[PDB]
Each structure stands twice: as structure tokens, then as C-alpha cells.
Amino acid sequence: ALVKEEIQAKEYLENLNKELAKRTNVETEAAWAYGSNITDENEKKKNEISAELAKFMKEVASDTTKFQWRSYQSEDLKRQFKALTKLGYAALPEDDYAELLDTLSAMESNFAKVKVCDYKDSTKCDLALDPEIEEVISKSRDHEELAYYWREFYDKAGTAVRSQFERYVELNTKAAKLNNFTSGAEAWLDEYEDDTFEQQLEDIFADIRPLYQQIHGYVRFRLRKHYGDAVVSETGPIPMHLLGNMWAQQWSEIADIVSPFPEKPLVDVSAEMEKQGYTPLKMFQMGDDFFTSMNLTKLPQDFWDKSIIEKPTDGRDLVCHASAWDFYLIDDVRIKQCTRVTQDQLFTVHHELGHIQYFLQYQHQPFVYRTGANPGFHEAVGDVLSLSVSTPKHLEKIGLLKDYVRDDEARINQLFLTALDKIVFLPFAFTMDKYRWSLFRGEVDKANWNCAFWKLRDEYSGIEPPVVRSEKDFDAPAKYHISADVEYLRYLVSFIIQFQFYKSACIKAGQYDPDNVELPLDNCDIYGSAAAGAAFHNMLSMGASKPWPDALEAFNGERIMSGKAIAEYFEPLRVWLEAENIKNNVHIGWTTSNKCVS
């Protein structure tokens, strides 16, 4: 029976993968229509088609049991079957599935439709997060103005969806258990195919946490000099509204007030981008150029024809959170980005285009393999290029950085600037999933859900709200990914492995040699490197056809996720900063926040 059955199973899979790709195409189109144009009608259509695809996946899961697939010889066939067994939310009874979709829609559309009143004009009430509130949070140094916008946003994006969030947790848990996972934490973790993955991240995080603490201490010190001791204490958590970002996830927008060497250059090319007439289209064309310069795949015409690369002016509601979309045919790939002409946005364009590249590289795989080796791989691709794009080397080459002298002090300024994004984010990203996992696993009583969030943000990041919160507030959904039910550990994983990829690409490009002071890792530009491009091609073309260690091995010969490379990048900063904090008697660490009343 078995040899013959395995022949038939191969044909079964060939056909089923093609059918899933086509059916997924159709759900993806409806989701795109909604996300690009939020209306009740588009919501209904998206959710109806999802319900129908879920019912089909339920039949597929049932049909896998007609095959003795665990008995087969082919590791590849077994891997595909195992992927089709995994229903996720589709395991839910029809009515629960529909209720979950309705709940998700309610949260994501609440987030996307938030508007607040101008701090200086309570009749102007059409300020959205993107761009209006984000511009104040990144540019204002009026601490009361900042606190105002923080409070208005969190109250509307967060607290307003407590009820919905609670029902989502219940249904997410019910779904996980129907897949025989303990909870949605274990369902998310299953994507890393590694039963020690959490311990591995704890270990890496513990190794980098000392450096974070040094950065935190120095920033707090600098913020005290700017705002004074009535606004920032020496010993307490940093008030998060002063850190240049609504979620304090990255602190690079306050670099001009905390840079190590204020009289030496600090890279900020936004003003030159504007002066040279950059547009969203040009920024996308330049990202395309980067990839094609490395001998990777050019964007196809569908990308240009169907992407939305600037915020519509017609007053519609949409999701502006930047995203990359695979339509599961051939070359139908798209970005939806409310693009602004800034340095940070140039990096975001490259990030999104890394997802597009991945889609193009794996599009010949069977449907079940048309995804990242793990979710962190997907998020890392474009960041590897952004690391290069951010270098003084690259930015001088493209005419955006003028009259730059790369002395020791400018190098520390640039390392610090990078760390304000790359090191600061690590505890932030860990807490987003630690929080959700703790709710999913039933470890926090509902009475303590809000303070459990702020407790994690305190313990790991040493930040706190600008105002006292309580269990009357519900703050976690004020972060897009929490309202949108997007797993966050992918970004922690990305921020570690992107340095492994960057280092290896730099070495292949001839742009990094640890023994050559002329080739430091932090000034490596892989632009134009076919050797780097080759490593990407070898890895990305695999999709999810093999466990992620095999995909890393295809890139650089390694099989282990490791903090060595990110530490190697920041090692000169670590040395300098440890010394600077001692020299300035900077207090390190923080007392427990008083800003969430239990």
C-alpha cells in the first residue's frame, strides 16, 4: 500500500498547493481592498471570504488523515502534510470563527480610525496618528504637549477596545487548544520549530541587556539636562513621552538632544531629501536599485501598477501601518505605505521591499513553502539593506550626506544613533509578546491586565507612562500589532539575526574585516555586491521548504541564532559608553514605576 500511496500523495499535494494559492489569492484581494479602504461593506466581504477559505481548510485538514503521511519516506512530503494539518484559527467552529473575524475587524478599524483634537485648538479634531500625532511626538520638546497627545491616543486606541480584546484572547485560546497547543503562545512559537526557542532568546537578551542599561542611563542623564529634574528623575523610569516615539520602541528621533558629541556630525538626511525633491516614487525606485545592484530580482510591473505608496487624499479611512503583500500568483506583489520623505521612511521602504524580494524569491515553491524560513527571517531581509543605507559611506555616495568627516567622535555619534534604534528595541519587542503570551497562557487575572503591561515595560525597558494609569485604562492595543493580532517576536528575532546576515554579507562583499581599521562593520555598504546577493538568493529561494537552521546555513554556513554579531557591531560603542557613564557618574538602573495603580 505505502509506496503506491506515497506516489498518489505527491500528486494530491501538487494539486492542493495550487488550489490553496488560488483560493488565498482571492482572500488576499478582499483583505487588500479593506485595508486600503475601510468601509462596512469591505469588512463584510473580507470576513465572508475568509470564512469560506476556513471551511475549505477544515476539509483539507480532515483529508490529510486519509494519508499515512507520517509513514512516508520523503521528508519533503511529510513536511508539506504537516503544514496542511495546521489549521490555526480555521479550527474554530464556523460561528466562533466568524465572531473572531468580527472582533479582529473591530480592533483593527478602531485603531485605523483614531483621530484626536489639536492641543492648541479643540475644534480641529481630525489629527490621525499617521501623520499628525506622530509628527508631534517625534518633533515637539514641549513635555506637556507630548503628554497630551500620549493620553489622547492611548485612551482612544487602547482603552476603547478592552472588551473586544478580551473576547479575542478567549477565541485565540480556544483556537490554539483545538490545534492541541496549550495556548496561542505555543501556537505562535511553533513557527520557530525549536522547543528551546524561548530559552535561547532569554539567553541572548541577558547578554545584551547590560549594554541596554548603559544606553538607558546615558539617555536619562541627557534628558535631565534638557528638561530638568522636575520632568526626569535620576533614579526612576524614563517618562516615555520624551523618547520621540508613541511606544518608546526606538529613540532615534531625540538623537539631537542626547548625541555623545553634539558639536560633531549627526546623520539626519531628511532635510536634504526634501531639498533634492525626493518623492515616495523615487524612494521606492532607489530601493529597487539597491536590490538589483546586488543581482537580486527587480520589482515587477504589477508592483508599480497596484501598490499604494502615498496616503490617499480623498478622506477615506485606511490602515496606514506600512505592509507588504503577496498575492500568491506570479509577480503580483504590492506595498501599502503612507510614505513620507524622511530618513526613517527611506529605511522603512527598504524594510518593506525586503519582504517583496522574499516573495519573489520563493514564488516558484509549493504554496505551503511560500513563506519565510521563520517569521524573523522575513522581517530581517530589508533591515540588512537598511543597515547599509544608514551608513555615512552609502549616504555620501547617493548625495544625501555632505561635508561629513568620519573621525572617532562622528563614529560614536553614528553608533549611538544606530543603537537608539537597534538595541533600545530589543526589550520593547520582547515585552510585546511576553505580555500577550502571559494573557494567552492564563497567567494574569483580568483584573490585573493593564498593570501587567506597564509592569513588563518597566522591568524590561525602564520606561513608564507620562500620567498615572490604572485598570480603568487598557493600553496594550494602542500598539498597532496588538490591535491587529500580529505576532511581535518576529521583530526581536529579526533584530538579532539581521546582524548575523549583515556581518556575513559585509564579509562576502569585501566590506568588513575585523583586522582592518578601514573596513569597520558599522561603515559597510553592500550596495552593488553580487556576492552578498548570491547569499540572499541561496537562502530566500528556499522559502519554508526546510527548517530555518538550513536556511541560515545556505546563507553563511551557520545553523545557530546568535547574539555575537550584534555585540560585535556595537563593541566600540560599549567600550566608549561604559567609560563615559563612569566619567559622568551616571546612575544606572531604575526604581519600580508608580505610574500604574493596581
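Residue numbers run from 1 along the displayed sequence.
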{"property": "Given 11-19 and 583-591, the range whose Cα B-factors average higher in the PDB entry", "result": "11-19"}
{"property": "Average Cα temperature factor in the PDB entry - higher stretch of 400-408, 365-373", "result": "400-408"}
{"property": "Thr235, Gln213, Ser494, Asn516, ranked by C-alpha B-factor: the highest one", "result": "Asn516"}
{"property": "From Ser323, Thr85, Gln199, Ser483, residue of greatest CA B-factor", "result": "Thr85"}
{"property": "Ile49, C-alpha B-factor rank within chain (lowest, middle or highest third)", "result": "highest"}
{"property": "Third assignment of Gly287 from its chain's C-alpha B-factors", "result": "middle"}
{"property": "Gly533 by Cα B-factor - lowest, middle or highest third of the modelled chain", "result": "middle"}
{"property": "CA B-factor placement of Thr391, once the chain's modelled residues are sorted into thirds", "result": "middle"}
{"property": "Chain thirds of CA B-factor: placement of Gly557", "result": "highest"}
